[PDB]
Every structure is written in C-alpha cells, then in structure tokens.
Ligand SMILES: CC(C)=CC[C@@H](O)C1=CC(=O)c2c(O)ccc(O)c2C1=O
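Only one chain is given next, in structure tokens, and it is the form solved without this ligand.
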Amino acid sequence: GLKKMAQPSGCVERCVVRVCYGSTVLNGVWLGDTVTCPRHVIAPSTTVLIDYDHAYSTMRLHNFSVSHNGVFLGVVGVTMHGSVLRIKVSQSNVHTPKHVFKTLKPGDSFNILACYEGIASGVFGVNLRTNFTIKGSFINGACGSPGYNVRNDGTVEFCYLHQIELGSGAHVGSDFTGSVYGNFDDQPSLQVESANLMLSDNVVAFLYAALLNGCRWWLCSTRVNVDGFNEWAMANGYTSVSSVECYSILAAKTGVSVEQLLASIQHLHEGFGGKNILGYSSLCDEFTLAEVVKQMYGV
C-alpha cells in the first residue's frame, strides 16, 4: 500500500521562529545563530513593483522582531542573499539538528512544515514538479515555511523556504542560498508557470508498487527501450526516464523490467477506461522510487 506521508517534524519544529519587520510577519528558520527568512518580510506595503535593493538599503535593524515560542532574540545583523535574508541573532539555537543545505531538483520528494506566526500547523510530503512548483496547502502568513528531508544518518537536509502562491494556486519557494526554484519573482506578479510534465521516474516507481500489490491487468507484454520511450516522452508530456539500474530491486521482485513498464506507460497514457490501478484512475507521478522502497520494505 502506497500513502503519501511526511517524515517526523519534531527536529524542524524546534528551528521555526516568528520574524516580524514593521507590521509584516512570516516564518524563519533558526540554525546556529542565523535565522533565514524570505526577504519579503522587508517589503514595503505597496501595489507597485518592490525594489528589494532599495528596501534593503533603507532597512533598520531595530524594526526586526525575531522570537521563538514567545521569547525574543536579539538581532545583530542582516544580509540579503537572493530572495532570502540571513538574520544574525545573539543567541544560537541549542536545538539545531545535524543538518546540511541541499538544493532540490525536479522529481525530488521532500516534506513541508506549514507554519504561521512561527508555529507549525501541519506537515505533509510534496514532490518538486518539472516547472519547479509544488502543490502544497498554504494561506496568508505561511511565507518562510521550511521544507526538509531527513537522511538515514539523521542529517536534516534543509531544501525549501516557502515564498509565494501563483495565480494558478501552485506554490513557489527558494532554497537556503536564496535562489528561487524555477527563478520565479518573489513578489506579487502575473507570472504563469510552464506546464508540468509527468515525472516518468515516479510513474515507473508507482507501477512497481502496483505489481507488488497483485495489480497487473495493465501489464504490457511488449518492451520499449529508453531511447524509444524518451522520444515518445518528449512528444506526450512526460520527462525522460533516468536509468534502468535503479529499479533492479523491484525488477528482481516482480520480475518485470523497466522497459516493460515504459511500454505499459505508453499503453496506459490515455485513460484506464474504466479500470483503476491502486485506486487511481490515471497514472500517478506522486511517489519516488525511494519512497516506494521505504514504504514496502523499510530500506
């Protein structure tokens, strides 16, 4: 059985703080003696385009309020890096987990801790889509909500800070270096993301999951090679498939080659009409290979 789940949030909850500048309130991430937050916190209230360079040049440190669970931290310095601020504070977070920073690539799964006024309210797993947006759930004040992964050694990978919701409802964030994923503008605008592709690697992972639940009515007997599929993928709204050698685990447990699943993707590209696969009426690119392996085997 396949369920989208998040990794536990306790160690990240202990890093979320409330960052306020003037009347503007959002979330920051407190690691060591640095709070990273979206630079939107220093935006003037206006309907015109925001000049962040000018806002930064006119920034006053005393207008900041940074607090963790009601207790205020003293701000020592602030620098701007891309779309984020690094706020130096006089107190290091004693609960800072063993961590790294990691930039996501499309198809990567990670966890969002949705926060408001510095307090986590929900946690959920997401996938970074090919247009570099995620399908999250955020309302006003969620800016700065962190995204993370936890490695097997317990190292927390900090990979996302929520920035904006697009007119389509899709969500845009930055990494901890300040780069906005997909280079969207980190302010109100009419920008429209390009259309998503189906993440073929994940469709392949999903079909392997159905094979392990005895769901194989859709199993094609033919195989297509990667080059053939990738040519078909470009013409039909799918990404290229990365490699065959990753899925040996499920190839050796089914025992179906990925080329058989690639052929099956071509046959199942239109509707199932009207059957289902693991309850889905169309192909699902929600789950990665790592997720499927962890959920069926714990490895």
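We number the residues from 1 along the sequence you see. Each form is matched to the other, and the largest set of C-alpha atoms that superpose within 1.5 Å is called the rigid core.
Across the superposed structures in 6 other deposited structures of this protein, aligned by the core, the stretch whose Cα atoms lie more distant on average is 279-287, chosen from 9-17 and 279-287. The stretch that moves more in 6 other deposited structures of this protein, judged by CA deviation after a rigid core superposition and choosing between 225-233 and 154-162, is 225-233. Higher mean CA B-factor, judged across 158-166 and 213-221 from the recorded values: 213-221. Just going by the entry, 187-195 versus 167-175 on mean CA temperature factor gives the higher value to 187-195. Across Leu278, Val16, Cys11, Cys20, the entry's maximum B-factor at the CA atom is seen for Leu278. The residue among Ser65, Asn27, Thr34, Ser243 whose C-alpha carries the highest B-factor in the deposited model is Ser243. Per-chain ranking of the deposited C-alpha B factor places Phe138 in the middle third.
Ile265: CA B factor lies in the middle third for its chain, per the PDB record. Among all modelled residues in this chain, the alpha-carbon of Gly74 has a temperature factor (C-alpha) in the highest third. Per the deposited record, the Cα B-factor of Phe206 falls in the middle third when ranked against the other modelled residues of its chain. Ranked by C-alpha B-factor against the other modelled residues of its chain, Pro44 falls in the middle third.
Here the subject shifts to the form solved in complex with this ligand, a form of this protein not shown in this document.
Proximity of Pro106, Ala233 and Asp285 to this ligand in the deposited complex is absent: no residue of the three has a non-hydrogen atom within 4.5 angstroms. Checking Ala205, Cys143, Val84, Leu199 against this ligand in the deposited complex, a heavy atom within 4.5 Å turns up for just one residue: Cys143. Note on contacts: among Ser57, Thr46, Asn69, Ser248, the single residue with a heavy atom within 4.5 Å of this ligand in the deposited complex is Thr46. Checking 37-45, 251-259, 237-245, 266-274 against this ligand in the deposited complex, the stretch whose residues place heavy atoms within 4.5 Å of it is 37-45.
For the chain shown alone, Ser121 is not a contact residue for this ligand in the deposited complex, no non-hydrogen atom being within 4.5 angstroms.
Looking at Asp186, you'd find a heavy atom of it within 4.5 angstroms of this ligand in the deposited complex. Shown alone here, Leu26 lies within 4.5 Å of this ligand in the deposited complex, counting heavy atoms only. Contact check for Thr133: no non-hydrogen atom falls within 4.5 Å of this ligand in the deposited complex. Using a 4.5 Å cut-off on any heavy atom, the residues of 157-172 that reach this ligand in the deposited complex are, in sequence order, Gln163, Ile164.
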